[PDB]
Amino acid sequence: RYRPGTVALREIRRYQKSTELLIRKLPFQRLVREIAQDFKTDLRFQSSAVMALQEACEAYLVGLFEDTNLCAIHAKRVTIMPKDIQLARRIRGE
Amino acid sequence: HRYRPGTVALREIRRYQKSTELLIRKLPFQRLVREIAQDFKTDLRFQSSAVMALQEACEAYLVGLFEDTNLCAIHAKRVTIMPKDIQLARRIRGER
Amino acid sequence: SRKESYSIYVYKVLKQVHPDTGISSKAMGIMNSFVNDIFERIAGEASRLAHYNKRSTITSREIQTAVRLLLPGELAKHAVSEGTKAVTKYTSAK
Amino acid sequence: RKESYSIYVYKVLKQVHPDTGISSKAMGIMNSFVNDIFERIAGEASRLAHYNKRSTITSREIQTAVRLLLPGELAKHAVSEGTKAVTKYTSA
Amino acid sequence: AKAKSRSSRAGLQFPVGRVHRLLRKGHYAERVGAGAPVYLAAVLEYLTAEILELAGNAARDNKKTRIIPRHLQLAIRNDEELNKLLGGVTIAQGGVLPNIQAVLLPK
Amino acid sequence: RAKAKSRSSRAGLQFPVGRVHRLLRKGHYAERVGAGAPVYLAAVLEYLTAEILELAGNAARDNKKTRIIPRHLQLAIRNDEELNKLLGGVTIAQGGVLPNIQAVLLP
Amino acid sequence: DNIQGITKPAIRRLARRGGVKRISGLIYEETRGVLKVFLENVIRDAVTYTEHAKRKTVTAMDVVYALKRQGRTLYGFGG
Amino acid sequence: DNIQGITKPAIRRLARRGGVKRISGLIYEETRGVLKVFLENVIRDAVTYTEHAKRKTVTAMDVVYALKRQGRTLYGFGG
DNA sequence: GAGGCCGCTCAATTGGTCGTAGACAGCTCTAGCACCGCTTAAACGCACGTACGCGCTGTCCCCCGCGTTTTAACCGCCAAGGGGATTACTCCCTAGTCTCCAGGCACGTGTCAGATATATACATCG
DNA sequence: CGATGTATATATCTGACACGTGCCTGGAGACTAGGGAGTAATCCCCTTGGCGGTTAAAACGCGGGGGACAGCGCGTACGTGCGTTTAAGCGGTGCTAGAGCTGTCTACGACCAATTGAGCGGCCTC
């Protein structure tokens, strides 16, 4: 048995090495279509527009988790918690 | 007769949040402005309103930075602001 | 050497909203700088909307779209109906 | 027909690394970078003229926009390349 | 042949003629249509009237009769839509809103 | 009639001075564009392109690769402290992130 | 109800790329709401650019301009 | 050595306006450095606008424009 | 998957004209700089007391890791028609011009809203 | 229950604001020209819908020990107050550097036209 958190370092190294998209494409596409249905019915989406959205959203979330982790280290914790996200978003002005 | 620690601090907070006056002494600030500018060009001259625009901008920047610093102090379960709270705020703000 | 300002028109509006009240020249200068700021924002975005469609004129569609991209929430809804009520009066008065 | 900078980026690449090729995705990133920086410089060159009541944009407007936008050492070298180009051009 | 202003025909206080001139000379496009300055003037007048109505009520609450920059700062920062539109802006002599974190008050 | 010789070859440039001059004259930046502006702006754009491609080629060779791909452009832009200041608000598709772990997290 | 398509493992991989070692179980519901608001603003702007062009298909350039409006340029898709 | 004329009492009054109840003794020397960096960047831009105009006198518009390029627009001195 | 080669076309070049805006010199009057004397607001220094930050131990639960099931993402191929994109036709809208007259800009006047100094009333803190 | 601080009430006055005059340059009205945009028809790209299947990934239980967090002790660093002292702030005089304006004029950039080869789309191939 690998000790708790030993595998997490390999995971971090792997995912910082690669460049692939990490969310499943189909679920994300159906989320995008469900949102847009509130603004217009019978929209159509180019195949590349959903990819551009997925790249923008994953880059946003990764940067937010960097700020969250700095806020977690400031409180002497290791575990990130919801109050770490709300602080980072509050300083960023969102 | 003596007040306990922090009551006059709260009185000052309410006073200085009520007022709109500029808080740095004018004449000391004008010299610091002139000392900085002579690294870029010699024998500069300043309009009186240019120094006042600089002073308004500097005080408006510092007050907001101390607000962001105080949220980082409370997040760590403190009431005292520390230099690392300033550095954290500057880093999340993206200026460090 | 004459300098143009919005001072007269801000005063005319003030007298309609509050007939008992005056405004100091510093507050008038702030309001004068506000009008020029929001003017530059809207004209900028209208010009970008014009060039994205390879069109040459700026029309009320571009102003309406820039307003709808710029102003939040209910400001957009009421600014649009004020714009169209003004245009429809101007065209019907002939 | 669509205009691009692709052949000029390729020429520069052959100047810096003769043996190395470039993929189409990187070529599109480079074309976007060039398009973005042209507009960033030309916008400040446009503002500088109107503040001074001038009706023309000239080498000084481009030079001052470059000084305003680029960080320090990039700015020093970009200006030293611009002056070299404009004097080689005019004195020819 | 009696001249009558375009602002009076539109029912506006802001100058449609000046806004038209200022669009034409601003290098925004090579052509500007007849309806654009009427729309932009009506929008600018709406936003001006909202700001000044709130500033005047802030002046009345302090039992003052003249608007000063403090009242504009109070008018903007207390409205959740104007504060989002004017988020990057510093107002000279404006000061701040009174606000203390509940952790800091006496127990 | 003289034999034509391009203005870019007079200036000693790869980038097209003629098209940069057209884009300045056709973009509503100002009503007049002087002759030196496009030679200056072309020399600047060529310098900025070459500085990026040099570091990207180094990053490609250090992977023992022979083609530049977006990952190498991201590594170049984020490994230079001046380029990262010019391109600090930009995301590159397929670029990923710099390998970086806070030392407190490591054993 | 497609927000449940963004799974716990998927959020974990994004936290891992950001360097996070340990995650509390409450993070997933908070992250879903944050992502939903971020998508809502971009889609609203892209549909506004689509409506102004009188198109019915959302083009990738509409997303590029919507992201540019928020001040976060994306390179790779043109523009 | 004029930076000492931004005195400790003025730093305290500024922290009071920002709601700070208690301040550690090291804050003042850090705050002077943060202020000096902000002044340097703004003055460098203002002087660049003064140079382009061929003026020898720095003016309020040069400062307002230096602040505008930097994202911190100021109302009440110009437009 | 990127590079070598072809046909070809429309964007770039060289030449002459001409209208004007910006370079040059002379003038003037504003306001920025330098110095003097005085008051006294604010800063600086020391003393001292207690509230706050910091480190320590204990505990109990809730994330990480592993094994099996099971589900719907992915690849690949087939249908078909909605829509984006292009070309051709032509009309009505905006640019440019001249005349002329009234709206908005400096300049002067003067008075009442706000700044000030004194009094005291009551709210708060210990 | 005492006393300190802030709030509110009264009298005074001085200069910022609000109103009127002169006048000039900017907006308004009537007309002409031409090219930008609206309308309509066709093509055929690529988007949406469907079917099979296999094998990657998500979901559920179990185990357990690493990590959050609560209660405690303690000692030094920051706030409050009084006295000395220093230079900030005000009114004043002098003055000359340089910002802002005027008049001249000539070097520059926009514009038209005729000529041609630099760059684009496409196919082949290692």
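Residues numbered from 1 in each chain as written, not as in the entry; some residues may be left out. Chains lettered and ligands numbered in written order. Heavy atoms only, no water.

What follows covers the overall build of chain B. Counting secondary structure elements, chain B contains 4 helices and 2 strands. Going residue by residue from the N terminus, the α and β elements of chain B occur as α-α-β-α-β-α. Computed over its C-alpha atoms, the radius of gyration of chain B comes to 18 Å, more than 25% above the 12 Å expected for a compact globule of 96 residues. Its C-alpha atoms put chain B at 50 × 40 × 20 Å along the principal axes. Relative to its full complement of 96 residues, chain B shows a buried share of 49%. Excluding contacts between residues fewer than 6 apart, the proportion of contacts in chain B whose partners are at least 24 apart in sequence is 43%. For chain B, the exposed area adds up to about 5400 Å²; of that, 46% sits on carbon and sulfur atoms. Positive and negative side-chain charges of chain B, numbering 19 and 11 respectively, have mean locations separated by a distance of 7 Å. (Helix = DSSP H or I, 4+ residues; strand = E, 2+ residues; numbered from the N terminus. Rg over C-alpha atoms; globule rule 2.2 N^0.38 Å. Buried < 20%, exposed > 50% of the residue type's maximum accessible area, 1.4 Å probe, protein only. Contact = heavy atoms within 4.5 Å. Areas by Shrake-Rupley, 256 points an atom, 1.4 Å probe, with all protein chains shown as cover. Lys, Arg positive; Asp, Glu negative; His and termini not counted. Charge placed at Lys NZ, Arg CZ, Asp CG, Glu CD.)

This part covers the protein's contact with DNA strand I. Lining the immediate environment of DNA strand I, one finds 67 residues, of which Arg24(A), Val79(B), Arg1(D), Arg1(F) and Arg12(G) sit closest. Sugar plus phosphate: this is where 97% of the atoms of DNA strand I within 4 Å of the protein reside. Contacts to DNA strand I include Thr57(G), whose backbone N or O atom sits 3.4 Å from a phosphate oxygen. If you list the elements that add at least two residues to the surface near DNA strand I, you get helix 1 (6-17) and helix 2 (25-36) of chain A, strand 1 (45-46) of chain B, helix 1 (7-17) of chain C, strand 1 (31-32) of chain E, helix 1 (7-11) and helix 2 (17-25) of chain F together with helix 1 (8-17) of chain H. Split by residue class, the surface near DNA strand I holds 18 nonpolar, 15 polar and 34 charged. (Near = heavy atom within 4 Å. Polar contact = N/O pair within 3.5 Å; in protein donor to acceptor, adjacent residues only side chain to side chain. Nonpolar A, V, L, I, M, F, W, Y, C, P; charged D, E, K, R; others polar.)

A contiguous patch of positive charge, built from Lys5(F), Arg7(F), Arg10(F), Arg25(F) and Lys26(F), is present on the exposed surface. In this fold, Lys26(F) is placed in the loop between helix 2 and strand 1 (32-33). (Patch = residues over 30% accessible without salt bridge, like charges linked within 9 Å, V, L, I, M, F, W, Y side chains within 5 Å. Salt bridge = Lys/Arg side-chain N within 4 Å of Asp/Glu carboxyl O.)

Right, let's talk about the interface of chain G and chain A for a bit. The figure often quoted for interface size is the accessible area lost as the parts come together. Contact residues are listed per partner, giving 43 residues for chain G and 50 residues for chain A. Between chain G and chain A lies a buried interface of about 4700 Å² when both sides are counted; carbon and sulfur atoms form 73% of it. When the buried surface of chain G facing chain A is broken down by residue, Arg13(G), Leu14(G) and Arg17(G) rank first, second and third, together holding 17% of it. Linking chain G with chain A are 2 salt bridges, by the criterion used here. Among the salt bridges present, the one from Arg17(G) reaches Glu58(A), with a minimum N-O distance of 2.8 Å. Scanning the region where chain G abuts chain A turns up 15 residue pairs in polar contact. Of all the elements in the fold, those that place two or more residues in the side of chain G that touches chain A are helix 1 (8-17), helix 2 (27-52), strand 1 (57-58) and helix 3 (60-69) of chain G. Across 2 bridges, the pairing between strand 1 (residues 44-45) of chain A and strand 1 of chain G is parallel. Bridge pairing in strand 1 of chain G places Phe45(A) opposite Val58(G). (Buried area = accessible area lost by both parts, 1.4 Å probe. Pairing = 2+ DSSP bridges.)

By nearness alone, 58 residues border DNA strand J, and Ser24(C), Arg55(C), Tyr8(D), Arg21(E) and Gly25(H) come closest of all. In DNA strand J, atoms within 4 Å of the protein come from the sugar-phosphate backbone in 98% of cases. Measuring from a phosphate oxygen of DNA strand J, one finds a backbone N or O atom of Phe45(A) at 3.4 Å. In this structure, a phosphate oxygen belonging to DNA strand J sits 3.2 Å away from a main-chain N or O atom of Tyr3(B). Counting residues per element, the surface near DNA strand J draws most heavily on helix 1 (residues 7-18) of chain B, at 4 residues. For the surface near DNA strand J, the per-class residue count stands at 15 nonpolar, 15 polar and 28 charged.

This paragraph deals with the side chain of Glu44(D). With respect to the element layout, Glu44(D) can be found in helix 2 (residues 24-51). Assessed through its relative accessible area of 2%, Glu44(D) is described here as buried. Among residues more than four places away in sequence, those in contact with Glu44(D) are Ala65(D), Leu68(D), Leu69(D), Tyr49(H) and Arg69(H).

Once that is clear, we can look at the interface of chain C and chain E. At the interface, 54 residues of chain C touch 50 residues of chain E. Three residues, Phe39(C), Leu75(C) and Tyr90(C), lead the burial of chain C against chain E; their summed loss comes to 13% of the area buried on that side. Along the contact surface separating chain C from chain E lie 2 salt bridges. Between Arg18(E) and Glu4(C) there is a salt bridge; the shortest N-O distance is 3.9 Å. Taken together, the links from chain C to chain E amount to 19 residue pairs in polar contact. Of all the secondary-structure elements, those providing two or more residues to the side of chain C that touches chain E are helix 1, strand 1 (22-23), helix 2 (25-52), strand 2 (57-58), helix 3 (60-70) and helix 4 (73-93) of chain C. No other element matches helix 2 of chain C, which puts 15 residues into the side of chain C that touches chain E. Class assignment of the residues belonging to the side of chain C that touches chain E gives a composition of 28 nonpolar, 17 polar and 9 charged. Where strand 2 of chain C meets strand 1 of chain E, 2 bridges bridge the pair, whose relative direction is parallel. Directly across from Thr57(C), in strand 1 of chain E, lies its bridge partner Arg31(E).

All names here are of chain D. Close contact between helix 3 (residues 59-69) and helix 4 (residues 72-91) brings their axes to 8 Å; oriented N to C, the two are set at 160°. In terms of axis orientation, helix 3 runs roughly antiparallel to helix 4. Pair helix 3 / helix 4 crosses with right-handed handedness. Of the residues in helix 4, those touching helix 3 at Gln63, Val66 and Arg67 are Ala75, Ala78 and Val79. Class assignment of the residues belonging to the contact of helix 3 with helix 4 gives a composition of 4 nonpolar, 1 polar and 1 charged. (Axes fitted to C-alpha atoms, helices over the stretch in contact; angles between N-to-C directions. Parallel < 35°, antiparallel > 145°, perpendicular 65-115°, else oblique. Left-handed = near helix turned anticlockwise from the far one by under 90°.)

In total, this model carries 31 salt bridges over all chains according to the counting rule given. Among the salt bridges present, the one from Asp85(B) reaches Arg78(B), with a minimum N-O distance of 2.8 Å. Of the two residues, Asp85(B) and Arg78(B), both sit in the buried class. Across the pair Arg55(G) and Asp62(G) runs a salt bridge, and its minimum N-O distance is 2.8 Å. Take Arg55(G): its relative accessible area is 27%, and that puts it in the partly exposed class.

This next bit is on the arrangement of the chains. Summarising the chain contacts, 16 pairs of chains touch, and the pair with the most contacts is chains C and E. If you take every C-alpha in chain B and every C-alpha in chain G, the smallest gap between them is 14 Å, and the two do not touch. Taking C-alpha atoms only, the smallest gap left between chain A and chain H, which are not in contact, amounts to 14 Å.

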